[PDB]
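As structure tokens, one chain now follows by itself in the form deposited in one PDB entry.
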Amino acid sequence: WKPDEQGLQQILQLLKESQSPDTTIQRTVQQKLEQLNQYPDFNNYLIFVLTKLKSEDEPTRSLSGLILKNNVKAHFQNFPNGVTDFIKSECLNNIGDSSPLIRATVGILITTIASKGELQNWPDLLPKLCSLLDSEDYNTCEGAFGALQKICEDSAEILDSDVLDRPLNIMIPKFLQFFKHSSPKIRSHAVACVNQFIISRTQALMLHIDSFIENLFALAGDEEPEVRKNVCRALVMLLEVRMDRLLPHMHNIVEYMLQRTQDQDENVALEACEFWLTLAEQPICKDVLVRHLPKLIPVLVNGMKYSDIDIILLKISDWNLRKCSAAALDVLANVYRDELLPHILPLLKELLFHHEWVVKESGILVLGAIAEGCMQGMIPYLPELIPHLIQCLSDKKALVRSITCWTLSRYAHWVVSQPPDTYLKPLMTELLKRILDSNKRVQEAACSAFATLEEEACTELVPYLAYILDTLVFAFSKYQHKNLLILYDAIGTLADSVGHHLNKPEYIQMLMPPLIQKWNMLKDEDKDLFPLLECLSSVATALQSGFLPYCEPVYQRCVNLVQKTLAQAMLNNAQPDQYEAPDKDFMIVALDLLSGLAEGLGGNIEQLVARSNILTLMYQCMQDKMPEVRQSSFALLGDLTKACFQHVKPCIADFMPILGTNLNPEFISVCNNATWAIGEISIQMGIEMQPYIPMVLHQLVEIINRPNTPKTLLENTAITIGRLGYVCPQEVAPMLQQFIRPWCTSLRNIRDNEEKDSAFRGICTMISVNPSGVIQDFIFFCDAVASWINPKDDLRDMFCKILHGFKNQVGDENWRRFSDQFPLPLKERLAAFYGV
């Protein structure tokens, strides 16, 4: 292609301008390029200034290539094929330019075009790059491999595909040849390329796997960081997918990776340390580690010290050698449990009590990291560590304060199982103080720590409730976005832990206004809602009637959020390319607040359901393909069925069928909530339930008889069957023979409450009506009856009837035959209570 001597002048004036000091001189020239962009012939000039025009300067030539690259990103589909084909050929001729800046620029064009433009449209690119790897000119080799690395990273899944006739079958073995090159730059590219295809179990690579391993081993000595980095990466990925082939060499690998975890370079060490985190997940960790464990624990622990750059950032960092080391230690502690303690105690002994805060801080981290795994072993030292930790809560250094909050929170359960004045109370007091610490990290650590403590403490918090509220309320005005979300968790957890004790006027007059304020500031798009509504759901359940003044605005918005979300779903479904699918977490959260509100308010919710389409929406929610949505909606169904059934009764005919299909233990929770819901429905239908029982009974029975089914599900099924039989014994009783065993085995164990009552009534009814059912397993029923400490009188009297009924009708000393295989309490419980 031929540039014009006058067009050229113009572009060089731009390039030279865009390469400038003044801010406002750049804003105008920026928008001057935005004009020229869509004119294809612009790109012809850009690539011309780069690849030709050597008389022109290097910074300007590079920028020309880099601007073109941004065009490629922005507007490449519209490039005409002759411009494109010009660029591609021009790049490839200069991929090994003598100048590093030029070379790099050309490189990134190549890789950008290869991803944006897509590989099938440059079908010679790979064999061409692969051919240039053998170039005698070093810089050409490097350049090709620079591109190849980036392409492998950007497009691995395409390469390992039918799309390009499966080129990894030559490429991978070619790459391995390059592990033995004399340039570390090229060795590194070679390994980086091959690593892109380990997790994907690329067949070319699997075939060559023992040659990959041998070749990686030969880079064990290598003393260049980027090669070490990639050998470590490789070994870590191999452990994940082909441990079978590593095993022969496992000892030598572990030796190597332990060296690299101690590496001088934090980036290499981070990649090595990942090996211990993967290895800990595998069931031969103990065997593999036996000869190195002793040294690994100190190496990990030492890696847990803050780097210097970590510290300054923290006065949102992310994943690093400290974090990785700590994660490794936490997992190892769950593997080795108390066997780890003797390795750790010598190190903790010299870190906890140390004058340099960075060292001490790391020791407190260790103490938290191993808490889960090593609890039993740790108990004897807690009486001294805990008060020590509480002292450190008021340490001068902020980062010591924050890690202290967390570590203390990791031993909450023990703290709470002791006398409350010994540890719990002082810990509370010091954590509360730190909730308003001047440092943000400490604020989040303390608020979170306190939330974890609240969960363990439950009713023990009730006496410090006014202290707790005054502090958390103030944090509402203090805390900014990140700790606010944690505050909401703390509040909601408070509410779940102290329930109705929260329902006091002064506590409400301080709490609800700031909550609502935060409600109203937020937008329905804002994910900060999730923690806020989970929070209110919890509060509402706990304030019950207290919440009335605050409910209507909240109720409506929740129902509208579900509405909104179901709408975006429909939209995305219709125009997928034009509307983004919705985040169904908004619907789940809203549905769960409405349950919390149905539960809190009972019948006081009725006036609201009466002005709502919530049942209409629930009908779509119950049919959503995401379990967690169905789960939430069946919960809400139960709740409204209890609170205000007059509004639910019209929908039962359409609901019951769907409840039918969802009695599927593929999804435990969906199934549990459906089951529960059905049961509560029955209590409201009464006899009118008769038409609907066939839809559910068989699978209720299937579930109650199914092995390895969680107990809370079994209980619910037992109770639901019970409730069906109570209102419709005729339909239910016949299958009694098939359910009475696990029904009895399940409800034996639950407390004397209203659910139990309901279910037992229903079983009593079904017995009269089909005694052939209990007879064979009638002891189970007796046992079940003896589960009751004080039955309501009328149920006691049904127990009499059935028992006398069986005692009389069988024979007044066949009873005594049968009675003598009852255990003692049972026998006597029956004798004194039922005259039997």
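Numbering starts at 1 and follows the sequence shown.
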| query | finding |
| --- | --- |
| Chain break class at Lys315/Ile316 - deposited residues not modelled | 10 or more |
| Stretch with the greater mean C-alpha B-factor as recorded in the entry, comparing 90-98 against 199-207 | 90-98 |
| Which of 322-330 and 306-314 has higher mean CA B factor, as the PDB entry lists it | 306-314 |
| Residue selected from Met257, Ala490, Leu348, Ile703 by maximal Cα B factor | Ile703 |
| Out of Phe212, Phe178, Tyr692, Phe145, residue topping the C-alpha B-factor column of the entry | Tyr692 |
| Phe217 CA temperature factor, ranked by third within the chain | middle |
| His500 - which third its CA temperature factor falls in, relative to the rest of the chain | highest |
| Third assignment of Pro184 from its chain's C-alpha B-factors | middle |
| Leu736 CA temperature factor, ranked by third within the chain | highest |
| Chain-wide C-alpha B factor ranking for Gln699, given as lowest, middle or highest third | highest |
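Just so it is clear, the following notes concern the form deposited in another entry, a form of the same protein that is not shown.
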{"query": "Identified hinge, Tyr138, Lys504, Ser612, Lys801, relative rotation of rigid parts between the shown form and the other one", "finding": "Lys504"}
